[PDB]
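Protein chains in written order, with the deposited numbering: chain M, 3 to 322; chain N, 1 to 649; chain U, 8 to 80; chain T, 8 to 80; chain S, 8 to 80; chain R, 8 to 80; chain V, 32 to 80.
What follows is a set of notes on a single structure, which appears directly below.
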Amino acid sequence: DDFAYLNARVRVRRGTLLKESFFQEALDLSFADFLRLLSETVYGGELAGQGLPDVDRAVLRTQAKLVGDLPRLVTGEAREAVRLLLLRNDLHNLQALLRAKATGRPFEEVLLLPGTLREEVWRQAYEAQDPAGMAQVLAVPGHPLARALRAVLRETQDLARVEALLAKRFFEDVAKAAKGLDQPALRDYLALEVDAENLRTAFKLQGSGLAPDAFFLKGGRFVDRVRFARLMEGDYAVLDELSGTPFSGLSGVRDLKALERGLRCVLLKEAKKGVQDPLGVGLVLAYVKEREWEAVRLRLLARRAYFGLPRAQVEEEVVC
Amino acid sequence: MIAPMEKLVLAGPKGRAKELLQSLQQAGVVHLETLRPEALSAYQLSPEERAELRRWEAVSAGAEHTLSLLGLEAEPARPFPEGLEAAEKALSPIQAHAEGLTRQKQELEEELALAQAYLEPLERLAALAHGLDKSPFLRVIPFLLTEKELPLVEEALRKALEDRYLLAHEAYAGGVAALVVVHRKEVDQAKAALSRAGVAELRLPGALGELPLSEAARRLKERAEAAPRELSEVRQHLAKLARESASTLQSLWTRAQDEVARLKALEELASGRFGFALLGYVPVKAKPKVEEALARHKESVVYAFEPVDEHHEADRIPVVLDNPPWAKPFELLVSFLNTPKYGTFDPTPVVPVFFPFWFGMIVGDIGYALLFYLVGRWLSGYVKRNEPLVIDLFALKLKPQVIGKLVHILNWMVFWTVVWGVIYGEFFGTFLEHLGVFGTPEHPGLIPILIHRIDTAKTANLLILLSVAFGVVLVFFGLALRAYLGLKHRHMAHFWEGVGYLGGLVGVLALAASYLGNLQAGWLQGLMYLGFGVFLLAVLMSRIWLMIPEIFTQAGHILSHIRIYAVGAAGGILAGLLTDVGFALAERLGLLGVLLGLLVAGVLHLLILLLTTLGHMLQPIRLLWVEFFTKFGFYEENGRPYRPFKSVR
Amino acid sequence: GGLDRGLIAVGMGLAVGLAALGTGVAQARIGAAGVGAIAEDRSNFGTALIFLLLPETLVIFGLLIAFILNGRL
Amino acid sequence: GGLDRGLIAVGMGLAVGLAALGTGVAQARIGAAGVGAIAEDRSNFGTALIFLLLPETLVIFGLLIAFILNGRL
Amino acid sequence: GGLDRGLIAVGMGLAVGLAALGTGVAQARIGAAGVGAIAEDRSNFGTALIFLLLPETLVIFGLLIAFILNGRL
Amino acid sequence: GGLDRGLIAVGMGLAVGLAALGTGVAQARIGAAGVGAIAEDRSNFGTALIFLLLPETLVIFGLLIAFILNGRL
Amino acid sequence: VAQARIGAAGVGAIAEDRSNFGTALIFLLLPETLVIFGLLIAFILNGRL
């Protein structure tokens, strides 16, 4: 409820962040220098041993320690708001769970990264006869995925098209809840994420020839459904049509790698606008996205040091 | 009161265990127990038993899906004793016919929908396609588009073959079927330019957007002419199969659920190395039925019914109500809460003792009482109809047992309600304005009112005193139950705490009625001093620091009982105001619109009843659950209930 | 000659108005959470309606004080 | 008499206006959640309308108090 | 008569003003959710309009009480 | 007049002020949602104006009450 | 005013699970002591009246 008592610990955690020189000096290391610098870092407090997998497990434990508590320590409308910040890992865990239930591998098959609800609920959801019964076992009150999967659950028993339509309805109900809050910037950031995901589905499905209206979603403000069909066709001018919006530098690109790189750049730049709101909740969302950019930078530098990457090989990864 | 609920074990051989488990599931009157630890095996049944159980479970799942696709619901009934493969064979043919009919129905419905979506458009476009059907020189760009913005695409047509690209939109005014035709490759480029201007091709699914337009129109017209009789016959054969096989499917589902429950219960056994044991709990009242079930074991391989534990440490003890026949109906309201700690005070009797009394003190409208009596007659006719009460937008599905308990509780409420309404003297509100049945000294028409209640100058302090006395008595009963339970469990903390809270409340009431009340504080000064001394002495003997906050909270819980008299006076004043307004506007305003004025006043009274009486009744049970439970605790670990073997039947 | 009846009526009106205002202030968030729960499912609508009607005792006590004022009049 | 009757209508106004103030106070978040529920689906309008209409009992009681005031003066 | 009709007009105006205050207080969140739903879909305009017009019963009751006070005036 | 005119004007002023307060209280969230929808698209100006003008009936009723007061004045 | 947010949190906890209804009702009834003392002072005034 209190968007300030959490904001104080948010400012404290914002005080615990690495500078750009911490990665700029990390452009030249040999994973032992990187291990020593991470040993200086707070994320190396869970530093178990040596090796890339130990480094990634320590990074996941540090992310759970510094980022997982934000889902806790709050109650009310602020809890309903801050729940829809670290939601991608939860939807990914639910998607892997649906894939495992439809596939047939072991319930300990996927590694089940940390999200919002109890992992014991995810273990208990491995055994459920009805999909609606599994949804009710996974039903939290303010979980948007619980309301999304139940509404999408009135089609069949367990289908992959049900899973894709459930992801579409998940993004749709996320946009509906983002419109259904008293937050001036969280709705804008969620809508920017929705339009970027629409562009990402368009670039991933460009040339597929499928139905774009079945692929296009609702909730954005930066593009059009006709612009969506133009992006579905081989027309980069629609990507050039993005002028004045946050999709500014996204122009003249056809390769999806640098396209989604600049998309993440625009998303992080919009997330940088969250420091303007010291009283609401978007500052905490900015802190979460900052830890996310730090996490991408950490696993990137970890891969670079473990495989000996060139500085030119990852030069397009720290430009913003 | 809760029963003895003794524990029991037995043992024999493993096939003897399966037979005795089938009997004790047929005699399903005992909750089970794990008893994993010592000198026994895990009693993992068999891979063959696991396979037969998976087969029966899949059979039950298939019967459930068959009822779902049939639309019917799982109603329990007497089962069908049959072989597993035989029941599978009985299931498979009806399930196959149902699955094929359901797929055919879904396919024909979607086909008729897609046919009706573009029927006349395809026919008009085919009539326009009388000059290039499959001509190998020019494509046919079709676009069933919006209203006549034909110049916006005609700009791209001017970018196309200029004195050419035959392009017009004829008819079917839901969408202008703009047909353009120039070439193959230049027309592909022009279709790209028009889609850049905004255009779409008539791409139907299946074969209609995949075959020639004349053939697609013929197939769509054939499907449109054929789909209605096919859908009607599909619904008819589906309903015929449902009405022909639902009883067999239900008996199969019952037998399958029974066998699957027997299999799941076989997972809870306790083997003895080619021999097996089992243990659990059951009430003492069915011990003769337990022995009658025990005789069916082979030499009655011995069952031992050992006694239950004491007030210490009985948590896996099963829970049951075991109320009187007068007290049987009151359990339904108590069921909304949790269960006791197997020796706790069953307060279910005080619920029927007091909740109807406070409810009758609340509502005193004899006309609303007769309305409740007529509504109970309607509900009783529904119960005699023996149909489960189904309320769609209320989602209220009710078996007749709960409805009959509700009706019995309603009659028991209405008796004391009419009693207290005669005590208040109000028939459908104040009928004594029109027909002076109540008697006052102001205008004596008929029999006097025990509580006049329109005047508070003589009645309000008496009503407040009555509410306060009932509340203090219930508070005394609850604290006494707390202290008696602390004595019964031999934990002096709870009993001494109840004693200290009771003494503090007594001293508080004494000091209140002395200082803030009347004069003559000599008989009660030592009383207040003794109550304060009892509170301080139990504070020393308890040392819990359960402070004057706890005493003041108990005091507010005691003093909250006047809300009963408050809501009764509120509803009475509202009913009297509405009745006086209606009687005045009818009789004194004309004496001719008595039908219209009486009907409008009765409709407003019905609206006020529908807006008020639910919460008015709710406040008594709210006070009951908030006082009689809370002074006695009733919020400790919730108990474990009697979950015997089901045999759903 | 006396306006103490008018003063008592003014106090009773202010009492009933502030009591209804407080009852509505409770009922706003109560019905907000309850309508959210009804939007979740039709499972706990009864307990939600119970908690919704639970706030009426304040307005009932205010009506009781107003009726006591009227009986004093 | 010319002051006793005057304060009575002022008290009736202080009753009725603050009563409607509390009524709208309860109605605001309740109707907002009900509009959200109807926007969710065209199936939950009934309980939404029930919870919306549930708040008017205090307004009816205040109108009865105002009728009692007009009967007093 | 002295300060009686002016006090009655003061009370009637206070009733009407705080009644309109509560009506606008409900209509704020009501029209906020309704305009959000209208931007979501034009098809939900009717239920939104019904929910918006639902707050006017307090204004109708306040206008009726004001006409009653004017008849007393 | 005496004092009835001044108290009548005082009640009319209190009515107009509280009515404008409630109308602006509605129009705050109304215009917030309307400007959000305008930022969503320019294809909603024909409904945002209607949603904005929906709260003006309270100001109209308060002005009618004040005009009835001035006619009684 | 005390009842509003308390009952909102209690409704949320009830929507979580049906188990914690007793503590929810205890927290709900805990605030009525202010109304109790107010009615007590009201009865004291009426006795003074």
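Heads up, the beta-carbon is just placed ideally off N, CA and C, and yes, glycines get one too.
| Query | Result |
| --- | --- |
| Give the straight-line distance between the Cα atoms of N/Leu-536 and V/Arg-49, rounded to the nearest whole angstrom. | 38 Å |
| State the CB to CB distance for the pair M/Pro-248 and M/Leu-194, rounded to an integer number of angstroms; the pair is presumed to be in contact (CB under 8 Å). | 6 Å |
| Can we say the stretch 496-507 of chain N touches the stretch 593-601 of chain N, given the rule of at least three CB pairs closer than 8 Å? | no |
| I'd like the span of the alpha helix (DSSP H) that includes N/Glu-85, first residue to last. | 84-117 |
| Mind checking N/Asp-365: buried by the 16 CB within 10 Å criterion, or exposed? | buried |
| Mind checking which residues open and close the alpha helix (DSSP H) that includes N/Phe-137? | Neither: N/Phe-137 is in no alpha helix (DSSP H) and is coded neither H nor E. |
| Between T/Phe-52 and chain U, is the shortest Cβ-Cβ distance under 8 Å, so that the two count as touching? | no |
| Taking Cβ positions, are N/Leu-241 and N/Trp-56 nearer each other than 8 Å? | no |
| Express the C-alpha separation of N/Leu-208 and M/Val-240 in angstroms, rounding to a whole number. | 32 Å |
| Quick one: is N/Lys-134 buried, meaning 16 or more other Cβ sit within 10 Å of its Cβ, or exposed? | exposed |
| Can you give me the C-alpha to C-alpha distance between N/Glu-292 and N/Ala-304, rounded to a whole angstrom? | 14 Å |
| Where does the unbroken beta strand (DSSP E) through N/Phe-438 begin, and where does it stop? | Looking at the DSSP string, N/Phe-438 is not in any beta strand (DSSP E), and its letter there is neither H nor E. |
| Under a Cβ-count criterion, where at least 16 other Cβ atoms within 10 Å of its own Cβ denotes burial, should N/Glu-38 be classed as buried or exposed? | exposed |
| If I'm right that N/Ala-469 touches U/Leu-71 with Cβ under 8 Å, what's the distance once you round it to whole angstroms? | That pair is no contact at about 18 Å. |
| Give a yes or no on whether 8 Å exceeds the smallest Cβ distance from T/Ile-75 to chain S. | no |
| Quick check on DSSP: helix, strand or coil for N/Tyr-424? | helix |
| Of all Cβ atoms in chain U, is any one closer than 8 Å to the Cβ of M/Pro-143? | yes |
| Would T/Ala-46 count as contacting chain U if we go by Cβ distances under 8 Å? | no |
| Below 9 Å on C-beta distance, what does S/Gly-43 contact in chain R? | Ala-40, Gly-43, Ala-44 |
| Would you kindly work out how many angstroms separate the C-alpha atoms of N/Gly-174 and M/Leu-140, rounded to a whole number? | 46 Å |
| Identify, in the order they occur along the chain, each residue of the same chain with its Cβ nearer than 6 Å to the Cβ of N/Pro-13, setting aside the five sequence neighbours on each side. | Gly-275 |
| Need the endpoints of the alpha helix (DSSP H) that N/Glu-292 sits in, please. | 287-294 |
| In chain V, which residues lie with their C-beta within 8 Å of the C-beta of U/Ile-72? | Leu-70, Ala-73 |
| Is the shortest distance between the beta-carbon of S/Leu-28 and the beta-carbons of chain T less than 8 Å? | yes |
| In this structure, how does DSSP classify N/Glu-48 when only helix, strand and coil are distinguished? | helix |
| Grouping DSSP H, G and I as helix and E and B as strand, with all else coil, what is N/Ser-271? | strand |
| Note down, in chain order, every chain T residue with its Cβ under 8 Å from the Cβ of N/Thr-456. | By Cβ distance, chain T contributes nothing, its closest Cβ being about 13 Å from N/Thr-456, past 8 Å. |
| Give the secondary structure of N/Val-390 by DSSP, where H, G and I count as helix, E and B as strand, and everything else as coil. | strand |
| Mind checking if M/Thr-77 is an interface residue toward chain V, Cβ cutoff 8 Å exclusive? | yes |
| Sort N/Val-437, N/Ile-454, N/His-452 by Cα distance to N/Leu-446 and report the nearest one. | N/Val-437 |
| Would you mind sorting residue 651 of chain N into buried or exposed? The rule is 16 or more other CB atoms within 10 Å of its CB. | Limits of chain N in this structure are 1 at one end and 649 at the other, which puts residue 651 of chain N out of reach. |
| If you follow the beta strand (DSSP E) that N/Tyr-281 is in, where does it begin and where does it stop? | 276-282 |
| Please return the same chain residues whose Cβ sits closer than 7 Å to the Cβ of M/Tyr-308, not counting the five positions on each side in sequence. | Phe-33, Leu-54 |
| Considering only their Cβ atoms, is the gap separating R/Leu-76 from S/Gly-24 smaller than 8 Å? | no |
| Would you say the stretch 626-646 of chain N touches the stretch 336-346 of chain N, given that touching needs at least three Cβ pairs under 8 Å? | yes |
| My parser needs the beta strand (DSSP E) runs of 3 or more residues fully inside the stretch 178-227 of chain M; what are they? | none |
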